[PDB]
Every structure is written in structure tokens, then in C-alpha cells.
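See below for the structure under consideration.
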Amino acid sequence: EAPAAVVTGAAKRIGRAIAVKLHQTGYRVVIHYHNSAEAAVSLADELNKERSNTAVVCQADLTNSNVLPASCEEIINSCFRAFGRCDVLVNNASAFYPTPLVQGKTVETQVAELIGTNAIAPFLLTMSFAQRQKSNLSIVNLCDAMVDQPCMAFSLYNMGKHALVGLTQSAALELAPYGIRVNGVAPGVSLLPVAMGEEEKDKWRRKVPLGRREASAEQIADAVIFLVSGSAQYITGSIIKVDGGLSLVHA
Amino acid sequence: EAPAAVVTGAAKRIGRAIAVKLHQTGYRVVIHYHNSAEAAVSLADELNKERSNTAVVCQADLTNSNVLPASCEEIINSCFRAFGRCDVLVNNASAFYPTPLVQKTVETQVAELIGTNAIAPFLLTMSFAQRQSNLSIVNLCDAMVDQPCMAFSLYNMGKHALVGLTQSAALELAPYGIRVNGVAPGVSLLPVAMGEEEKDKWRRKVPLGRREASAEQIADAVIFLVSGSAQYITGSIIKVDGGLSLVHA
Amino acid sequence: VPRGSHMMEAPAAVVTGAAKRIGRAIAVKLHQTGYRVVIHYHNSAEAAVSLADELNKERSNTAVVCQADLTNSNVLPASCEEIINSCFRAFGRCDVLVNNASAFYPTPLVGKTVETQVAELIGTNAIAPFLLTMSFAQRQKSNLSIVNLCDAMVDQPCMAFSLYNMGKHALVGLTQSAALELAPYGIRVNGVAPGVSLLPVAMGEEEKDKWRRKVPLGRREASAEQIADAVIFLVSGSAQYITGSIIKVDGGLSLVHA
Amino acid sequence: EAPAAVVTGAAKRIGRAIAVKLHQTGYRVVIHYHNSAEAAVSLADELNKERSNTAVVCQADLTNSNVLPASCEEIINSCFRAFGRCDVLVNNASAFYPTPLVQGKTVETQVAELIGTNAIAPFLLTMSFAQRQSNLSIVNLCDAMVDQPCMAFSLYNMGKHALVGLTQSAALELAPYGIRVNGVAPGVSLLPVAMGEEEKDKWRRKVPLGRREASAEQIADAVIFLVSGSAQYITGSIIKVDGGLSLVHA
Ligand SMILES: NC(=O)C1=CN([C@@H]2O[C@H](COP(=O)(O)OP(=O)(O)OC[C@H]3O[C@@H](n4cnc5c(N)ncnc54)[C@H](OP(=O)(O)O)[C@@H]3O)[C@@H](O)[C@H]2O)C=CC1
Ligand SMILES: NC(=O)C1=CN([C@@H]2O[C@H](COP(=O)(O)OP(=O)(O)OC[C@H]3O[C@@H](n4cnc5c(N)ncnc54)[C@H](OP(=O)(O)O)[C@@H]3O)[C@@H](O)[C@H]2O)C=CC1
Ligand SMILES: NC(=O)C1=CN([C@@H]2O[C@H](COP(=O)(O)OP(=O)(O)OC[C@H]3O[C@@H](n4cnc5c(N)ncnc54)[C@H](OP(=O)(O)O)[C@@H]3O)[C@@H](O)[C@H]2O)C=CC1
Ligand SMILES: NC(=O)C1=CN([C@@H]2O[C@H](COP(=O)(O)OP(=O)(O)OC[C@H]3O[C@@H](n4cnc5c(N)ncnc54)[C@H](OP(=O)(O)O)[C@@H]3O)[C@@H](O)[C@H]2O)C=CC1
Ligand SMILES: N=C(N)Nc1nc2c(Cl)cc(Cl)cc2[nH]1
Ligand SMILES: N=C(N)Nc1nc2c(Cl)cc(Cl)cc2[nH]1
Ligand SMILES: N=C(N)Nc1nc2c(Cl)cc(Cl)cc2[nH]1
Ligand SMILES: N=C(N)Nc1nc2c(Cl)cc(Cl)cc2[nH]1
């Protein structure tokens, strides 16, 4: 019978690409979403049309709060309720916006969203995933190849992504005895923000050595699929950059 | 007039040594503390005896919460209230304990470890910057975060976040002339609760002298980074670890 | 290129140090994937010829051997050009270069002269990869890539292995520099960094176990095939946006403190 | 009596600033040079005018060859010959020029010069320094930008990455002997002599902290810290002195 995966923030963009590629590889999938209900259900419908009873949706806010542990436990529970097992967790959901140090969401909200989605929710999901297995089990964290050459005024986002690197390493060490591998995929520029104009998109594209273009969502998903596959059975604690050389380019 | 520094978690151990060395170099100091009231006041007394009106205390919990931004603003404000300026911030305060992935409530663990090690440094950095010469921030990092202790996920997340803050803030505050750097101890003062046998197991791992760093040795690197000898240094993290991070399993 | 290269039908790869162990496993997996291969070797002539024979028995004239010493010297550039040349001679193209050959032995700071130590360790681990990379790039006449065999433990090195560690760090530098410079030609350059994989056959099991016990994921060394799996990924169509990346394949070893 | 230091490539630029600051701190100095004989002697004269018998020059080519071990042993010997001790080694000398992968110096020469000066000579000097053995330490001049390299500088980058490996390996191995090994990694400091004003300004404008290059003295200040009593627990560390340059994305 088929293994099952949870993908967070899977309604659109890179998370959808990961969900689709896992499903095409033979996984049953939980499509987690927050606000994108119509898109999430649309995706689940397409996947169920291909193979009945292979996709469910699960709504949760991954903002930090005193109930975030319960929400994370519930996402994992939803995989077990639907499919009776949970083999793979992909921590994809992410808030991304500037938080200038020097001078509209309050700073409290900023911290809760950016640190919650990028770091604390992955940690709590990792706890819940592990405790339900306390076979090819693994976790893949969506990192960021540019966190050592950060965008100006993105402190909280960068803190969150650096914390995610720390989680990837700490959890790899601690979960290795349970046979759970923990790895990361670090895009450079992939799908550009919906709000961004084409001229600004091209500015980013022209910086990439390998082809002067952003990664497709499928290219990111290809790295995730490698890491969950049997071809990566000895790999844990690794972060694979998928950035077209962007992080090698000086100012 | 004498420049002023805020040191978090400065009542004891490494934070105390930093406060003392900054004071000896000529700074007026805010000694932040959480629970160690007696030690904080005794330190302020000791420093004030050397030079009148050069040390104060400020109590605050740096656990993450919706009131933490206000608390951090008040820590910076305490420096301005006492000394009229704030030239240096040292983010030293830190919770440190294991948080196993397979298990205080988890939300308390998150609040304490990510609050003290990352979120409070960010909020303090924001408050410090909003006010603003030789201005700089020094973050107390950890040389061993890429080879972490088993079951310290939250602590390690907080310290990695602190590296990210050091880099992002260095970039963003450079236009204002505020340098932002880190000092990364390996093993320095070992936990008060740790038996000597276990302490010795750690000491034996250190290539340079088979001993932990004194608090003074960590403070020496902080002093360098705040000094005129480090005027072009920003976004750097200086390991002070006796080669410990070089030693394989 | 002499007629009968079948250059239109299949890609070709050079694997250095490919007679045994990890290099052999890489050559075998590339061959199994559909590549023709050059098996480079230095002293392991019987093993290299035997391997190429077995591959040719599977699919005729899909493997050749090329002997070269990769020690640094004033003839090393010519030796490296000849290795790349041998791929073009045999197969009419060279799509992949795997820099696997490596000398590995202690060189304490406090029988071989120091100059031999430098020549062997820096030659095999760094200079020969550089010269092979140059020859590979210049000869380009499409999924082209280079994979460099790095070392996951180069930031926590074995005691008294300074020259080896210097060589492996230089190889990281080459991976990054070549990724940037060759990207406009569509050549990707990546690395695979084992931790502990196949240990010396001669090493006592009791010593092997000292290393195995350090590995979080399964308390075992990687197989050569597990290392080769990462090389296969990097050369594949599933890695077409990946350049300048080094994939650790170490079972968590590099995460373990002293 | 005064400790002694060897500074490689000390006749000009950053190595000169390092030698001066060491001398000002009370060290006797060996000013190594290769081509810059007049400058080396000029510096030695200035330092000896300040304190008699505290500075000597030593000529050596640090290009890789089968006699490079002997040359490095001789540089260390020169310090013992002059001063009777050698407490500090600063590996500063460095070749720096492009070596494109795709097409008057042969590739053999390019390898020998770039890998020799930046990596192999530091290793051999480290070996000789250790073998010939207060507060002993080695400082390696690294490069803050080696993970975001200039186009077509592969051999230089290989050399500087090897130098990081040496710094780490030698710190581990020499720690039981009380020898610390550290590095200082400039970003942009003194710009190339050949570079015109427009190009120099292009590079200056990239640096977040002050939109200027490091002075040689700023680089020297970090070397001084690393050899000082204020760094006695520091080994295997590389201090970036780059004004934030390495933090700036494309
Ligand atoms: N795109 C790129 O170029 C790059 C991406 N990455 C990383 O790759 C991953 C995927 O990137 P991308 O597809 O662009 O991501 P998006 O910005 O599209 O975000 C993915 C999803 O995150 C979910 N999310 C946001 N906030 C919350 C919240 N508070 N609670 C729960 N879910 C939330 C949203 O779900 P919903 O819509 O249902 O509300 C959103 O659709 C992210 O981790 C990202 O940081 C890294 C570098 C570059
Ligand atoms: N000691 C070592 O070997 C190492 C230390 N470091 C780093 O160096 C720094 C100093 O280390 P060390 O002196 O051992 O630190 P301690 O563990 O002694 O903690 C320093 C102070 O942090 C304060 N603190 C703890 N929790 C809170 C909280 N919730 N709110 C506010 N303040 C709080 C405490 O103040 P109070 O007592 O007043 O309650 C405590 O005295 C830390 O950042 C640490 O992570 C890094 C690696 C190794
Ligand atoms: N095995 C492990 O645990 C680890 C391996 N690695 C790396 O992975 C790669 C493969 O490892 P492994 O299979 O153990 O390597 P080996 O030690 O088996 O060496 C591979 C081959 O290198 C060739 N070689 C050595 N010296 C020279 C020379 N002077 N000129 C030409 N070729 C030479 C030899 O060819 P011949 O026999 O024909 O003379 C040898 O078979 C290496 O790059 C290694 O550093 C990294 C970390 C750990
Ligand atoms: N300047 C900068 O912006 C940066 C410098 N650095 C590093 O800092 C250090 C100092 O930089 P800088 O002052 O610019 O260095 P230079 O480029 O000025 O070189 C210093 C000295 O190296 C010596 N040298 C060169 N080739 C050889 C050789 N074959 N044998 C012996 N000595 C040789 C020369 O001695 P002579 O003149 O006597 O022949 C030269 O004066 C170097 O390691 C450099 O890589 C790193 C990043 C940036
Ligand atoms: N959640 C996200 N959209 N994260 C994210 N999106 C990113 C983009 Cl469009 C570019 C870079 Cl350089 C980093 C990015 N991180
Ligand atoms: N707040 C603290 N005491 N932090 C801290 N303390 C530490 C100790 Cl005694 C050892 C290591 Cl390796 C890391 C440490 N981090
Ligand atoms: N050429 C080699 N055999 N390289 C090599 N072999 C290695 C082994 Cl057997 C263990 C570790 Cl830690 C590193 C190694 N590097
Ligand atoms: N020997 C040298 N001059 N080395 C050297 N010089 C350098 C300069 Cl003027 C800039 C950068 Cl980014 C790196 C450099 N490395």
C-alpha cells in the first residue's frame, strides 16, 4: 500500500509542485493550506481524479501562538486519519515580507508569522511526526540559498530560515536512531512573488549564472523527490542548494 | 562624556565578565537581569564604587510574548534614562536546556529558548537602532551549533537565528555606522548543575589546553569587537573555542 | 574522431580513479544509466582492465581505460588533456567528468619527501581536477556537468592530514569557481561529500567499528553505491538547475560533536 | 627580551602595515620579500632607526617547486639567525591574477605561483615554524570573498580555500604545542596598483560600512588582536574584516 506525505502550504506554487510530484511518484498526500481553500480543494480534486482516495486537505494557521503545538499535532493527525500512516513531511509553508529595523502589522504579529511559519511550526510538526512513529521516513525543509547574503530589511525572515537550518541539523542528529532522515532544499530565486512586476522579475533573473532565469517549481520539487527517494537513503542533515549559482555571485 | 552599554543577562558568569570589562574600559553599563537580583545589585554596587554613577540594573523577562517588544524598548530606554546615550548593546542573556523531539509545556520551551536567544535580541536591536561615534552590537553566539548537543533543537534554532540576525542587522545598520558582530564560545563556564566528572569530559575535548574558556577570555573578544581596532568589522562572528569545533566525533 | 564512436546515440563520461571502490561504483552506475565511460587509473591496471572488460561484455565498446599519474608535475597538464582526449577518441564527446581520484595519507607538521607529499596530495585532490576541468571545458564542441568528490569532514579534519584537507578545501573552491565561470556554457559543476564510506579493506574490523559507531544514521559507513547515487542525481535531468552545490552523503557524521 | 615575527610579503601594502604594527607592539621583525628589495630595505631602515637591531630582510620566491621546502625553512632560519627565536608567523605574501578555464604565463607557472604562494608556502612555513620550536601563533591572510569568487580566478580561489583548510588543520595539530593558528580575511582593502579611479570607485561603492575599502592598518589591527594576550583561547578562527561586503547579494 501507498506511503503518505504531508506538504504544508501546498495549495499553490512550490508546495503544489511538491504535492503533485509526490502524488505522481505514488504517495497519498495531505494538502495543508491556510487561506487558499479553493485552490487546495481544486488540487485535491485533480489528484483524486487520477487515483481515488489519495488526497485530502487540511486547514491550519502556522502563526506562532500558544496553540500552534495543537495545530501542528492536528496536521499530522489528519494524515493518520485519512491514510493510516505518515511517511514524509515537507515543511514548505512560509511567510515572507520585509520587517525593517528602523522606521500595518504589529511587530508582535511580524515575529509570530515569520518565526512561526519558517521555524517554530516546522519544529512542532517534526515533533508530532516523530512521536507518531516513536519503510522510508523523512522530512524535507524548504530553506533559502541566500540567507548569508540577505535581502535588505528581511531580518525576521532570515532569522526564521537560519533557525530552520538549525532544526534540519538538530533533528537529523536526534531522529537518525529512529530511521527518520531530515534534509533541506534551498532555492535561490524560483517562482517570483505574485505582486512583483515583470521588470523587477527580470532584474532578479539576470543575476542567475545558470541560464539567467528563476528555477521552475518542478525543479525545486525534483530535489525534494530525490531526498525522499531510496537514492538518498544515507543522506541526512544535508541542505541541497537549487539556485543556478545565484549564491556564488558577488555584489 | 563616557559611552554607555547595555549587557543582557549580566548579573553572573559571562555577562558579568563582559559588563566588568566594558566598565574597566570606560563604559557606563546597564546590567540587565531576570532572576538574579542580589547579584545584579551587588555588581552595580561594585562598579559604582570604582566610578560613581556608572552602573545601573534593569530587570526583565526575555521570554517571547506579546509584551516582549515593550520590555525590550524599556531595557534600551533604561540606558537613556540613566546615561543619556546608548553606544553598545551586548545580547548575552540565554536560556539553555534540552527540548527532546520525542517528549514546562512545549509552548513555554519555545517561548523561553527562542525568546531569549533570538527574538529578544531582534527587538533590542530594533530599539537600539531606532535611537540612532562608535556604535555597535555584539551577539553571543555558539561555536558548536553545526555539531549540536543531542536534544537541544530549540536552543540550536535560537542560536542559528541569532547568526541570521547578526548578518541581516550588520547589512541594514551599516548605513548608520552601527556595526553588528558575534562572539561564539565553545565551552566556557560549564553549567552550575553539572558534576565535575562531566565537566572534565568536556574539558578533555578541547585541543588548546584541555580546559574551558574563562569568562574573561570571552569578554576579551567582545572588547575587541566594540573597540576602535574593529572599526571595519561588521557581520563577523569570532569563534573563541580553543579549537573545540574542529574536533571530529 | 574515428568512425564508430556512436557519438549520436549516447553520452560519455570520464571517471578518475575508477578501477575500484567508489570510482568503480560511479562508473558502473553511469554505464548502467546509458553512459559510455573512460575508466582512469594509476596503479590498479588489472582491476581497471577487468572492469572495462565486464562493461564491454554488457555493451560492446562502451568502456575504455586510460592510465595517468595525477601527481603534480610539469607534465600533469598534458596528462590531463590526454585523459579528456581519450574520451573524445573513443566516444566522440565528453558530457560528464567525475573527479574521484584521490591520495589520502597523513602528513604531520611535526618514506616520502615533503615535496612528494605536496605533489601527490595537492596534485590528485585539487590540481588535477582543475586541469581536467580546463580540458573538459575547452574541448566542448546537452546536459554537461562535472562532479567533484569532496569530503564532508573537511571542517573537522583527521589529525595530521593537513595536505589532504588543503586539497579537499581547494576542491570546494574549484567547484564554486568553475560553477560560476562555466555556467554560461551550460556546464554545471557540483560536488558529493562522503563522510565515512568504504574503509580500507586492510583496516581491522575493530577500527572500522570505531568509525561506524560514530554515524547517527544506522551506525554504518556508506556503501560505494550510496555515494554513486548522489553522483547520478547530480548528472541527471532532475538536477538541471543545480550548480555550485555540494551534497553531503554522510549519514549525519558531520553533525556529531567530539 | 623582545619576541620576533616573520611577515611574508612585508615590503609593501598590507604586509608592510602588519610588520610596522608588530614592530610598534614591541616585536623584532623579518621582512620577507621577493622582488621588492628596495622597499624591504627601506622599511627595515625605518624600523631600525626607531629601535636598533630589530628588523632584517629575507628574500625568497614562494612559487611552488621541489625547492620550496628549503626556501621556507630558510625564511624561518633567518628569524632564528637574527633574533634567536621566532614567536609569530604571518602568511601574507600572495599572487593574485586571473586564470580563465576557457581560452604569457604557462598553466604550469599559474598553478605554481597561485597555489604555491597562497597555500603550499604557508603550509611549509608552518611546518618549519613548528619544527624549530611564550605566546606562539600563526596568522594566515585569507579572503572574505572566496565563496562569492571573482570570475576567472579559480586557481587563486583554490589557493585561498586551501589556506582555510591549513588554518583549521594546523590549529588542531599544533594546539598541544601551544601554537595558535588563525586567519584574517579582508574583503576589499588596498586595491590593485593597476586599477584606475573609476574601477576603484565601483568596488568601494559595494561596501555597506562606509562605501570604502579597508585601510592596511585596519587589517593589521585584526592581526595584532590575534597574536595578542587578548586572543589566548582563539585558534582555528578566521576573522572577516570586510565592512559587510560578503553579506551583499548580486
Ligand atoms: N519562491 C522562491 O523564489 C523561493 C522560495 N523559497 C522557499 O520555498 C518555499 C516555497 O516558496 P513559495 O512557493 O514561493 O511560497 P509562498 O510564499 O507561495 O508560500 C507558500 C504558502 O505558505 C502558506 N502560509 C503563509 N503564511 C502562513 C501561515 N501563517 N500559516 C499557514 N500557512 C501559511 C500559504 O498558504 P495559503 O495560500 O493557503 O494561505 C502560502 O500559499 C518557502 O518555504 C520559501 O521560503 C526559498 C527561496 C526562494
Ligand atoms: N557557557 C558556555 O560555555 C557557553 C555560552 N555561550 C553563550 O554565551 C552567553 C553567556 O553564557 P553563560 O554566561 O553561560 O549564560 P547563562 O546560562 O549563565 O545565562 C546568562 C543569563 O541569561 C539570563 N536569562 C535566562 N533566561 C532568561 C529569560 N527568560 N529572560 C531574561 N534573561 C534570562 C539569566 O539571568 P538571571 O540569572 O538574572 O535570571 C542568566 O544569568 C549565552 O548567550 C550563551 O548561549 C555559548 C556557548 C558556550
Ligand atoms: N572512502 C571514504 O570513506 C571517503 C572517500 N571520500 C572521497 O571519495 C572519493 C573516492 O574514495 P575512495 O574510493 O575511498 O578512494 P581511494 O582511496 O580508493 O582512491 C581512489 C583512486 O584514486 C587513485 N589515485 C590515488 N593516487 C593517485 C595518483 N597519484 N594518480 C592517479 N590516481 C591516483 C587510485 O587509483 P589506482 O588504484 O588505480 O592507483 C585509487 O584507486 C575520493 O575522492 C575520496 O577522497 C571522501 C570522504 C570519505
Ligand atoms: N588587497 C586586498 O584588497 C585583499 C588582500 N587579501 C589578502 O591579504 C594579503 C595582502 O594583500 P596585498 O597587500 O594586497 O598583497 P599584494 O598583492 O600586494 O602581495 C603582497 C606581496 O606578496 C609577495 N609575493 C607575490 N608573489 C610572490 C612569490 N611568488 N614569492 C614570494 N612573494 C610573493 C610580493 O612581494 P614582492 O613585492 O617583494 O615581490 C607582494 O608585495 C594577501 O594574502 C591577499 O590575498 C585578501 C583580500 C583582499
Ligand atoms: N515564502 C517565500 N515566498 N519565500 C521566499 N521567496 C523568495 C524569493 Cl521570491 C526570492 C528569494 Cl532570494 C527568497 C525567497 N524566499
Ligand atoms: N546560555 C548558555 N549557558 N548557553 C550555553 N552554554 C553552553 C555550554 Cl556550557 C556548552 C556548549 Cl557546547 C554550549 C553552550 N551554550
Ligand atoms: N581518497 C580517500 N580514500 N579519501 C578518503 N578516505 C576517507 C576515509 Cl576512509 C574516511 C574519512 Cl573521514 C575521509 C576519507 N577520505
Ligand atoms: N594578493 C592579493 N592582492 N590578493 C587579493 N587582492 C584582492 C582584492 Cl584587491 C580584492 C579582492 Cl575581493 C580579493 C583580493 N585578493
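Remember, it's 1-based here, ligands and their atoms both numbered in the order they're listed. Chain naming here is simple, since letters A, B, ... match the order of the sequence lines and numbering starts at 1 in each.
Judged by distance alone, the side chains of A:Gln169 and B:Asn156 never bring a donor and an acceptor atom under 3.5 Å apart. Of the N and O atoms on the side chains of A:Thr168 and A:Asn141, at least one donor lies less than 3.5 Å from an acceptor on the other residue.
The pair A:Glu214-A:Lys207 does not count as a salt bridge, with every side-chain nitrogen at least 4.0 angstrom from each carboxylate oxygen.
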Enumerate the pairs of nitrogen or oxygen atoms, one from ligand 6 and one from the protein, separated by less than 3.5 angstrom; state names and distance to 0.1 Å.
unit_1, atom_1, unit_2, atom_2, d
ligand 6, 1 (N), B:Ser94, O, 3.3
ligand 6, 1 (N), B:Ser94, OG, 3.0
ligand 6, 15 (N), B:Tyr155, OH, 2.8

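When heavy-atom distances to ligand 1 are checked against 4.0 Å, the residues falling inside are A:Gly9, A:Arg13, A:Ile14, A:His32, A:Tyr33, A:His34, A:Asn35, A:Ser36, A:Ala60, A:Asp61, A:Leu62, A:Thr63, A:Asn92, A:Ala93, A:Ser94, A:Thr117, A:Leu142, A:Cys143, A:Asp144, A:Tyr157, A:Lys161, A:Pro187, A:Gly188, A:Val189, A:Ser190, A:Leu191, ordered by chain and number.
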Can you list, pair by pair, the side-chain donor-acceptor contacts under 3.5 Å of residues 9-16 of chain B, counting residues two or more places apart and other chains?
unit_1, atom_1, unit_2, atom_2, d
B:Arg13, NH1, B:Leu190, O, 2.9
B:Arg13, NH2, B:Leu189, O, 2.9
B:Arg16, NH2, B:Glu46, OE1, 3.2

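Annotation for A:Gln219 and A:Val242: closest pair O-CG1, 4.2 Å, computed over non-hydrogen atoms. Nearest heavy atom pair, residue A:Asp144 against residue A:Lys161, reads CB-CG, 4.2 Å.
Counting only heavy atoms from C-beta outward, the side chains of B:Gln147 and C:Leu255 never approach each other to under 4.5 Å. Looking at A:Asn118 and A:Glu113, their side chains never come closer than 4.5 Å, going by heavy atoms from C-beta outward.
Partners of A:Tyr157 under the ring pair (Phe, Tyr, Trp, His ring centres under 6.0 Å) rule, at least two apart in sequence or in another chain, are A:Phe96.
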